[PDB]
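[1] experimental structure and sequence below, a few questions after.
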Amino acid sequence: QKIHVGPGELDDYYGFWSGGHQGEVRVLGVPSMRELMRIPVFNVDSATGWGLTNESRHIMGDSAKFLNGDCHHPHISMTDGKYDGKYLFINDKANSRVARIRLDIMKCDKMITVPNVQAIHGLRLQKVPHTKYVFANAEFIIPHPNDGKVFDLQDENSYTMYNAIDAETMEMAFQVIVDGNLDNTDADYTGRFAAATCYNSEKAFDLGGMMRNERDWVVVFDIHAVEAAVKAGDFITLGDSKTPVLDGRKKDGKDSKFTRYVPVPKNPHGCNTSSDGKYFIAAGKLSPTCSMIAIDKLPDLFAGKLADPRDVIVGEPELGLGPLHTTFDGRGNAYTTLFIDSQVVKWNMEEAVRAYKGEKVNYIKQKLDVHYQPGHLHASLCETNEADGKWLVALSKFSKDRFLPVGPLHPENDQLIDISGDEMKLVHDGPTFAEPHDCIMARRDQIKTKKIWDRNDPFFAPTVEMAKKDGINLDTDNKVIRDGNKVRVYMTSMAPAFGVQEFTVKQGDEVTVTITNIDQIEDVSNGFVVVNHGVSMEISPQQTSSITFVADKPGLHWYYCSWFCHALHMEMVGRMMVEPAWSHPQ
Amino acid sequence: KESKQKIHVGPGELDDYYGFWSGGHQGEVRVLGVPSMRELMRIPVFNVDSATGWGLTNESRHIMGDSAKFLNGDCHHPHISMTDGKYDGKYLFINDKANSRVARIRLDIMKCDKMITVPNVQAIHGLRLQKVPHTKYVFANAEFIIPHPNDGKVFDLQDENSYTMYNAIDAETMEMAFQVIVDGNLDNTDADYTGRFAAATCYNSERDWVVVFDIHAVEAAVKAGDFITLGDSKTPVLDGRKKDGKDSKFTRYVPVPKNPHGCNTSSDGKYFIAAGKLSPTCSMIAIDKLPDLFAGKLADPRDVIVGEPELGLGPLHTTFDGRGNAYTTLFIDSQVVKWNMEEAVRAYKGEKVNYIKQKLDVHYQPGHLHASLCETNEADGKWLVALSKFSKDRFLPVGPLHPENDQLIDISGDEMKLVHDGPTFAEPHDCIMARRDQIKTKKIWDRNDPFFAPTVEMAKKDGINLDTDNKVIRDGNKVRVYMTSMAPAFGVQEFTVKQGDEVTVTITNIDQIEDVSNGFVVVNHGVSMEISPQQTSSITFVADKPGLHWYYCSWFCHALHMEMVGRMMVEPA
Ligand code: CUZ
Ligand code: CUA
Ligand code: CUA
Ligand SMILES: [Ca+2]
Ligand SMILES: [Ca+2]
Ligand SMILES: [Cl-]
Ligand SMILES: [Cl-]
Ligand SMILES: [Cl-]
Ligand SMILES: [K+]
Ligand code: NA
Ligand code: NA
Ligand SMILES: [Zn+2]
Ligand SMILES: [Zn+2]
């Protein structure tokens, strides 16, 4: 299996890395592991203007006031258990958001702040019949309402919730109150069941408390029952949110219609569906095991045909110290990160299941040393029924001496491992910034991108509507619209010239500049920077982009095209002239 | 001799050079390993960095000063400080064209530690360092002509008080040293190997020129008090314009075709080489003739030109292997051309000599290029990076935006060989390499480090010993939390405030194990920062929402990382 991609060759896979607490999504080529693109999501990007432009701030809504994010879990939309390459979704733990990225333009196109929760951590997508719902965990228990009268986590109204977002509209679909808390989550291959690990069944706030219980659990959700309850109008609502809220807590030992709690040790972390649809696999973390939940047994569990929730567990292989996450090669083998032992352990799920029945057999096939302290791992197409068993990436949190010293802050080490054969082979050390937690790979032919924008694209449709109110045709017009103390400049751009090369405003005017790049050649991006005003944005071919700033400085102020576009790039400039306040009224 | 160097750095092996890439329009600096071309670290400078809190923390906003209000930057030209014409590994400097700044990075901690807004100019673009006897001055070009004063009374760019200026910053204090008014507009700049001379291309005389500065004469004028000041800046300003055809004393204007661009000093110190851009040539200025030029011993400013090789369409920039060759990017022809400087000089006198050695195709439209140690008299002729603006089909498609293609070229032998295509984001533009042994970094912070000294001072006023204390100080509607942190526990795990209070959280990571970084995020408050071992970091926000609000450690630091959390309780008003 070729490891190196030479000049003029292309990678075989796309890789979508989370940006960690840096807040972006990174697009890598695999197996070269080179970064092809950064997709700003929760960060402010000086280069494209994301978080400065009117289009981006409209997508972010009120959360445009935050300059930070913390993302962990990127996932690609599916149809019938296979990637369809339309959307990628990712969480924000820092400000409790979920974002959707459109894979054809590789931009964030929708974002939602999840109501009545703190900290979106785990996220995964419905697999079958297609990604109708995005499932997201809120990690921290809070009071409801959270108005500062009650702070106690033990109050009957202190809880966290499992969240379902409608993937196509990016509005809330429902929320399910749970006992304990939520960590990671996955979904079955039927659409009926989802599952999440919980580490704080104690509802404590201190370290000792959260480790008190021998087992926490994985909570299993019957989504068909939740939908049935929503259609029956049997739910409540919290605060000013109209999201249906259903109660999945145990009420004095009686289970909810919506949930069942399977005891699992101990502060379990990863929650992964095997690619054959047979198991939810929960990594035991503080327990040196994984727990294997038989998805075929869940209907019987929800029908009261099982005496004990543990009856749905059909294996608990002892793997090593600090199991965190599991992935699958599609040949019947599972691969699990051991954080403390600092290894990846390859094991055979069916032999694990036989050993739980007492049939002594060695289900452990190989342990590979990794460098050092691995968190997530991901095998190519592992989240689909097309898991192809070629590449594995283990994302390690301490790189120590694996790279040149760069000061007190070290890179993460994302290691590429060949699993096409019976023996795992470590082939590449990839340093990365800001702690990617997880990543997802797709075949080159599962992703189709646009090279030029459509003029009706929803990304800037609000800007086109604003232009219409001004009677502007964005494809041709170079006009300055004046409206009181507001000024709206509309121009075309066509390397190496701005369509409006000079305009005059009053000191204090609120200036919006809207640029439509009317080039036809792919790859001729234009930029727009206003010197010393904190204004920067990119405009690609056939895109309309706009940005608003206050002209608070009298005098002459240059603007220039930031993106190299032509041999005469450094001459694509213009002048804003600001008449002083003392020459105008007030 | 062949070009054979190994290009692959396998698991467990280390790169041989550091690469310092400009972050382009994204505004950071990037640290790469060469020859792997992998990104080891991101250093935030003009961008806001959610991961480390740069632009959010009190320490970073203090360094940024008033310019902390800007969320953007546009950088191009990174350069490492020198002693005796060799890298000394102390500082990296870089420009901000978007908001007219120069920043200094300390290479021992890989953080930006000083920043200056250059007064009375618009857009810092070209930038280079004094080489000899060391980097006393940072030289920076302001690109755009503006009125003086720029108060809205005059907009005419041909008014007698409309001009731009060459800028000298004191490298060690990061205060302005002096500015020199010039004719025309400035593009790129370089310095000689003595400290007396510097030079800059000008593209908008409206043949343009390379303006040469006699820095000794400028310094003499400043020491004698013969200068003016502009506006509310105390920076000495000297007039380097031609007045009625009379030369300044501080400057000479050397005619050079055409809209010249790059301005590069050869590593043997002999030449300033200006790339022709619209002219298919480079022009070679003999630095050893400059004293005679400023002494009025030469008939014509063209007499310092000793070579004008014809290279190809669209020469932009030049670098050096230290063996006597120059390497120039041809933007139009989309090539790197290798040529021999001494043979070009002899051709200029009329000898039939072929100075061109090889043309290598690159992909596509190269701008800057950089050979290893080329800015020093130690130029080693091993590696060459050409930074190409249009990558086209060289990488997988990723939508309407495309990556720059930074291509690594083996120049160790007699033939250039292309060995790697490196995609990069937001047009890094230029880069600089240093030997592994030229860079020495700290493993853990020193407690006396200037980076957070202002925070140690605040703590002093509160009577706080940052190394041990876990305390909440109340002062009106201000709340100052001080805590130590030690994975996996925050030293203060809960505190209570009033809605509306202005909260400052100061965290001191007292771990002594390298690489055990901590983070601090306050949920739904837009607060995020990093605290590495022995660092103190601080951040201020207002508690504007009543109720219970969790905070957590963002940096995976421990098996119990998920459980390293705290509670802020906000009492309603
Ligand atoms: Cu957020 S957790 Cu194991 Cu996913 Cu990294
Ligand atoms: Cu438009 Cu460069
Ligand atoms: Cu402290 Cu993770
Ligand atoms: Ca527990
Ligand atoms: Ca000109
Ligand atoms: Cl998981
Ligand atoms: Cl240059
Ligand atoms: Cl040679
Ligand atoms: K790390
Ligand atoms: Na939204
Ligand atoms: Na400063
Ligand atoms: Zn440049
Ligand atoms: Zn250039």
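    Now that the structure is in, tell me what you want to look at. Numbers count the residues shown, from 1 in each chain, chains lettered A, B, ... in the order given. Ligands and ions are numbered 1, 2, ... in the order given.

[2] contacting residues for the closest residue to residue A:554 other than its chain neighbours?
    Spatial nearest neighbour of residue A:554, excluding adjacent residues (C-beta to C-beta, 6 or more residues apart in numbering or on different chains): residue B:152 at 3.5 Å. C-beta here means a position set from N, CA and C on the backbone, and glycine is covered the same way. Applying C-beta atoms under 8 Å, 6 or more residues apart in numbering or on different chains, we find residue B:152 in contact with A:507, A:554-555, A:577-580, A:583.

[3] distance check, residue B:152 against ligand 6.
    Separation of residue B:152 from ligand 6 (C-beta to the ion, to the nearest Å): 59 Å.

[4] so is that residue in a helix, a strand, or just coil?
    Reduced to three states with DSSP: H, G, I helix; E, B strand; the rest coil, the structure at residue B:152 is coil.

[5] and it, backbone torsions?
    Main-chain torsions, residue B:152, degrees, to the nearest 10: phi 90, psi 0.

[6] distance check, it against ligand 1.
    Residue B:152 sits 52 Å away from ligand 1, going by C-beta to the nearest ligand atom, to the nearest Å.

[7] show me what the residue nearest the centre of chain A bridges to in the sheet.
    Nearest to the geometric centre of chain A sits residue A:90, at 1.3 Å (C-alpha atoms, centre = their mean). For residue A:90, the beta-bridge partners are residue A:99 (DSSP bridges).

[8] how close does it sit to ligand 7?
    Where ligand 7 is concerned, residue A:90 sits at a distance of 40 Å (C-beta to the ion).

[9] hang on, the earlier thing: columns distance to ligand 4 on top of the contacts of residue B:152, output as CSV?
    Formatted as CSV, those follow (distance: C-beta to the ion, whole Å):
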residue, distance to ligand 4
A:507, 61
A:554, 62
A:555, 63
A:577, 65
A:578, 61
A:579, 66
A:580, 65
A:583, 69
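
[10] closest to ligand 2 out of those residues?
    Proximity to ligand 2 was ranked across the contacts of residue B:152 by C-beta to the nearest ligand atom; first place goes to residue A:577, at 21.3 Å.

[11] show me the beta-bridge partners of the closest one.
    Beta-bridge partners of residue A:577, as defined by DSSP bridges: residue A:504, residue A:556.

[12] and it, how far is that from ligand 3?
    52 Å.

[13] how about residue A:237?
    Residue A:237 is 35 Å from ligand 3, by C-beta to the nearest ligand atom.

[14] what does residue A:358 give?
    From residue A:358 across to ligand 3, the span is 39 Å (C-beta to the nearest ligand atom).

[15] swap in residue A:578?
    Applying C-beta to the nearest ligand atom to residue A:578 and ligand 3 gives a distance of 48 Å.

[16] residue A:373 too?
    11 Å.

[17] is stretch A:107-123 anywhere near ligand 3?
    No - against ligand 3, stretch A:107-123 shows no contacts by C-beta under 6 Å from any ligand atom, the least distance being 13.1 Å.

[18] now that stretch: how far from the chain's centre is it?
    9 Å (C-alpha atoms, centre = their mean, to the nearest Å).

[19] what does stretch A:84-101 give?
    4 Å.

[20] how about it, does it reach ligand 3?
    No - contact of stretch A:84-101 with ligand 3 (C-beta under 6 Å from any ligand atom) is absent, the minimum separation being 12.1 Å.

[21] just the CA trace of that stretch, in PDB.
    Extracted C-alpha coordinates of stretch A:84-101, given in PDB (Å, rounded to 0.1, in the frame of the first residue of the first chain):
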ATOM      1  CA  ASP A  84     -23.400  10.400   0.800                       C
ATOM      2  CA  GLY A  85     -21.000  13.300   0.900                       C
ATOM      3  CA  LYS A  86     -23.500  16.100   1.300                       C
ATOM      4  CA  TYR A  87     -22.800  17.500   4.800                       C
ATOM      5  CA  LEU A  88     -20.400  17.300   7.700                       C
ATOM      6  CA  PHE A  89     -21.500  18.100  11.200                       C
ATOM      7  CA  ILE A  90     -19.400  19.000  14.200                       C
ATOM      8  CA  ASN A  91     -19.900  20.000  17.900                       C
ATOM      9  CA  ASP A  92     -18.800  23.000  19.900                       C
ATOM     10  CA  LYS A  93     -18.200  22.100  23.600                       C
ATOM     11  CA  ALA A  94     -17.200  25.700  24.600                       C
ATOM     12  CA  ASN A  95     -20.400  27.500  23.600                       C
ATOM     13  CA  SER A  96     -22.900  24.600  23.200                       C
ATOM     14  CA  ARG A  97     -23.300  24.600  19.400                       C
ATOM     15  CA  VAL A  98     -23.600  22.300  16.400                       C
ATOM     16  CA  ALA A  99     -22.500  23.300  13.000                       C
ATOM     17  CA  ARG A 100     -23.200  22.000   9.500                       C
ATOM     18  CA  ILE A 101     -20.600  22.200   6.700                       C
END
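
[22] can you name the residue of the stretch 51-200 of chain A nearest to ligand 3?
    residue A:70 (11.7 Å).

[23] next one: chain A
    residue A:397 (8.8 Å).

[24] got the domain boundaries for chain A?
    Domains of chain A are assigned by curated CATH domains as A:1-460, A:461-580.

[25] compute the first-to-last residue distance for the last one.
    Domain A:461-580 stretches 35 Å from its first residue to its last (C-alpha to C-alpha, to the nearest Å).

[26] quick check, distance from it to the centre of its chain.
    Offset of domain A:461-580 from its chain centre (C-alpha atoms, centre = their mean): 32 Å.

[27] now do the longest one
    Relative to the centre of its chain, domain A:1-460 is centred 9 Å away, using C-alpha atoms, centre = their mean.

[28] any part of it near ligand 2?
    No - Domain A:1-460 does not reach ligand 2 (C-beta under 6 Å from any ligand atom); its nearest approach is 13.6 Å.

[29] so how far does that domain reach from one end to the other?
    Terminal residues of domain A:1-460 lie 43 Å apart, using C-alpha to C-alpha.

[30] ok, now stretch A:274-291?
    End-to-end distance for stretch A:274-291: 12 Å, by C-alpha to C-alpha.

[31] great, nothing more from me.
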